[PDB]
Each structure stands twice: as C-alpha cells, then as structure tokens.
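Notes to accompany the following structure.
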Amino acid sequence: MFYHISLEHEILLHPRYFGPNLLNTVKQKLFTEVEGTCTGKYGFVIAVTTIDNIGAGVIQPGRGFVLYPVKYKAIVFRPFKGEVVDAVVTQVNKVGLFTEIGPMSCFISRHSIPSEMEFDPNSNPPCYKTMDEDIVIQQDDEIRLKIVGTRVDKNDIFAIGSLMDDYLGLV
Amino acid sequence: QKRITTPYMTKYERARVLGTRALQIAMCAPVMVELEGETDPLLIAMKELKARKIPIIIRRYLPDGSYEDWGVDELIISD
Amino acid sequence: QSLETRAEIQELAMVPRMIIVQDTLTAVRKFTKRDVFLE
Amino acid sequence: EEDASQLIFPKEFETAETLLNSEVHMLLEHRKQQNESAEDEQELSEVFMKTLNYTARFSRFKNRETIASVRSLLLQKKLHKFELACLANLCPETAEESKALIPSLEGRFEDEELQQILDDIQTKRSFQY
C-alpha cells in the first residue's frame, strides 16, 4: 500500500564534499541512500517527493564524518498483513502462482489456491485453470489476493498470499 | 545571541577543532586560506584558526540542556 | 592511530604542559658560584 | 501482531495519508520528469520503474479531476483513511464485494449506503477504449 510519510535519515557526508554549497551535495546524496532501497520497517521507498528540512551537521569525533539529520517526504510501499490487493502474475510453476505486487514479488502456494484449480503443464503458457475452465490465471494476469503474512529477508520484504477467501481470483 | 558563555575559546575546544579540521584536510577537504607549501595537515588548520576561516561551529551544551552556537571566528583565540 | 586524538594529545597532553635531575642541580650550584670562570 | 483486517498496524502510519494507484503515478511522473531533464543524475532505480508500471496498469482514473472528485466524495463520509485508498484501488463491483474484501467496512457501513458509493466510483473510473 502507498502512503505519504515524513522519515528521518542520518546522512554521512565525507569531508571531500565540504566545498561551496555543500548543502546541495547533501540534498543530492539523499536521492541515492533512501531512494530505491527497501527498509524492512516501512517497506520499499519507491520515490521521494520533496525535502522537509536539513538539520545541523554534527561532526562525529574521531571518525571525522559529519552527520546530517535530514527530514524528507517520500512514498513507501508497506504490505500490511491480512490485506487484499491486486497483483500481477510473473510466472507459474507446479509449486504455485508467482505474483508481483508492485515493487515486491508475492508467492502463492498450491494449497492456498482453491482445490478446483489444477496446474496444467501442457498448455502453453502455463496457467492454473480449473476443470470447468470458467476461470484461468495466465501470466501477467490481474488477480486479487490476500496477503496472509509477510517476512523480511536480506533487506527485502517477501509476501505470501492466498485465494481461499471469497471473491479472490481474476475478478 | 543571548550567549552567556565566555567569549574566549578553551584549550580543549582549540585542540578538538584543529584535530577535526586537520583530519578533514587530510580527507581532501577544501582550505579557505592560501596554501604556501604547508604539507602537514595540522599546520594548514593552525593558520586557518589564526585567519578565522574554520567553518566548524562549536555547540556548547549547557548542563541544563540548552546549547549555544559559538563560531570559531567569533571566539577570541590566544596566539 | 586516529589523527584527531593525535592532534589533541600533542596540544594538551604533552610534557611541557604537564610540568631537574639531581646530577644537574648539584652542578648548577657549582656553575653559578662566583669562583667559576670560563675561558 | 499487525493485521489490516482488524485495522491494527504501527502507530507511525496513522499520521500518513493514503494515496491512490493512479494518483501515485502522477507523483512518480513528477519525480520522473525532474530527474530526466531538470538535473543530470544517474538513471532512476529499478524499484521506481517497477512501481511505475504497476500504477499505470492499475490506474483507474484519467486525470486529477477524476481523482480529486473521488477523493472528495469519499472524504465526506466516515471512511477510514486506510479504506480510502483500498476501496478506490480495489474498485469493488458491488457492496457485497467490498465488505468481504474489506472487513472493516462491514462494521460501520450498511448494505445500501455503500452500494451508492461503489457505483459512484464506477461512474468516475474509465477504460482506455
């Protein structure tokens, strides 16, 4: 889910960037540290809108690196537990559907998929189709799923979804 | 403003300001004053203090929790 | 190892700011005696 | 210890205001425009590109006027901010669809009034064709 937040990040600036208008270097540095990363607590930081203010630069003793506490406005993608959201299928395997909820990738287990669905390896491309053939989930298909739980791994958020709940599928 | 601390600069502040500046100078930091062949980083920072050009601002934390921003140039050094 | 503490040590922790052997004081008394004359 | 169905989540997100998938695309477009031309900077991160396609593909509104109208329409009600973007993003077809997908709405919304809200969203969302 997308939100508007005001976060705090301590920027480490080398003394080499102590030239004229050093605040510009701090401002542009913030567009690389917190931009494009994925904090485990607030989720993926997809983009930064604007900068609120830049705090006083405190010089760390011994290290010699000036620390600049800067406040900025950014939009994060935090998948809340037990939240239903649309997803895009990227690949399909016998284990289960592999979905893509925006920046992150969510995996759907075979058990979570309704029993009526049955994986078909012969059909090109693979797609979880039930016997009645009423609903089929191909690749790059807009499907709605509920995230039962989310886990944070290697500075990234991995989500597990399910379609057992009512009205979860192609619609 | 309304600063109550002594105008002079303490020896401890002078040592840390020069030490931190000297470390910064050794890290390819710019030098405000003109360079006349002084290789040793401490000498570069020492003359910077004499000319009152060090950008470092001393934030003296009072025991009551308040802080005062005293500039190195504003403070009266002893030479 | 650090330059910052090295700079601080040389500014406040040096021997001159911290402050004679007995082999010199005895000779100093003899040295300043009016009898002593140096060519 | 947090669950979206029960409206329990970290206290920090309470101050945050939700955004629509189509609306976020506009914000990403504004970020994309300045980076591309305003400043000479490294190319945008792969994460930014991935979400841009996700928002564009699932964008339910054409222009800001449609986005603002839906935002204003839903703001008049007691809809919680979490449901504000969730309802608009999901675009439930009928009232029964939304309550099952959004358990919170069932708490303070009747089967009739909410139906009059979802259908309003339908009149605002438009297709490419």
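Spin-label pair D:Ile8-B:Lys11: with each label point 7 Å from Cα along the Cα-Cβ axis, the two points sit 6.1 nm from one another. Equivalent-ellipsoid semi-axes for the stretch A:1-80 (Cα gyration tensor, √(5λ), whole Å, largest first): 26, 13, 10. Can you spot the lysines whose alpha carbon is less than 30 Å from B:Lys47's alpha carbon? Ignore those fewer than 8 places along the same chain. Candidates past the 8-residue exclusion: B:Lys2, B:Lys11.
Summing Cβ point charges (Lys, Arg +1; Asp, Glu -1) relative to the Cα centre of chain D gives a dipole of roughly 400 debye. Each listed q (0.09, 0.17, 0.18 Å⁻¹) maps to a log10 I(q)/I(0) for chain A from the Debye sum over equal C-alpha point scatterers, namely -0.46, -0.96, -1.04. Residues with beta-carbon under 12 Å from that of A:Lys146, excluding A:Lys146: net charge, scoring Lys, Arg +1 and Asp, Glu -1? Taking every Cβ under 12 Å from that of A:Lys146, the sum is -3. Quarter the surface of the alpha carbon convex hull of chain D and you get the mean projected area, 10.0 square nanometres.
If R0 equals 60 Å, the separation of the Cβ atoms of D:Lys81 and B:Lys47 corresponds to a calculated FRET efficiency of about 0.55. I need the Debye-formula profile for the protein assembly as shown: one equal scatterer per C-alpha, no solvent, reported as log10 I(q)/I(0) at q = 0.07, 0.10, 0.12 1/Å, two decimals. Debye output, listed in q order: -0.54, -0.83, -1.00. With q set to 0.13, 0.14, 0.20 Å⁻¹, the log10 of I(q)/I(0) for the stretch A:81-171, from the Debye formula over equal scatterers at the Cα positions, is -0.38, -0.44, -0.89. Quick one: which of D:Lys78/D:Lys99; A:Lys129/D:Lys99; A:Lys146/D:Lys50; D:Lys77/D:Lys124 span more than 19 angstrom between C-alpha atoms? Cα-Cα > 19 Å for A:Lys129/D:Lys99; A:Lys146/D:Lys50; rest within.
Seen from all directions on average, the stretch B:17-76 presents a Cα convex hull projection of 4.5 nm². Label separation (D:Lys32 vs D:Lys62): 1.9 nm, computed from points 7 Å beyond Cα along the C-beta direction. When chain B is treated as a GNM with alpha-carbon contacts under 10 Å, the residue of B:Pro41, B:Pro55, B:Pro63 showing the greatest mean-square fluctuation is B:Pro63. DSSP finds beta bridges in the protein assembly as shown, and of those with both partners inside it, around 95 percent are antiparallel.
Quick reminder, even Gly has a Cβ in these numbers, built from the backbone with ideal geometry, and neighbours come from all protein chains shown. Every number in this text was worked out from the coordinates using simple rules, so none of it is lab data.
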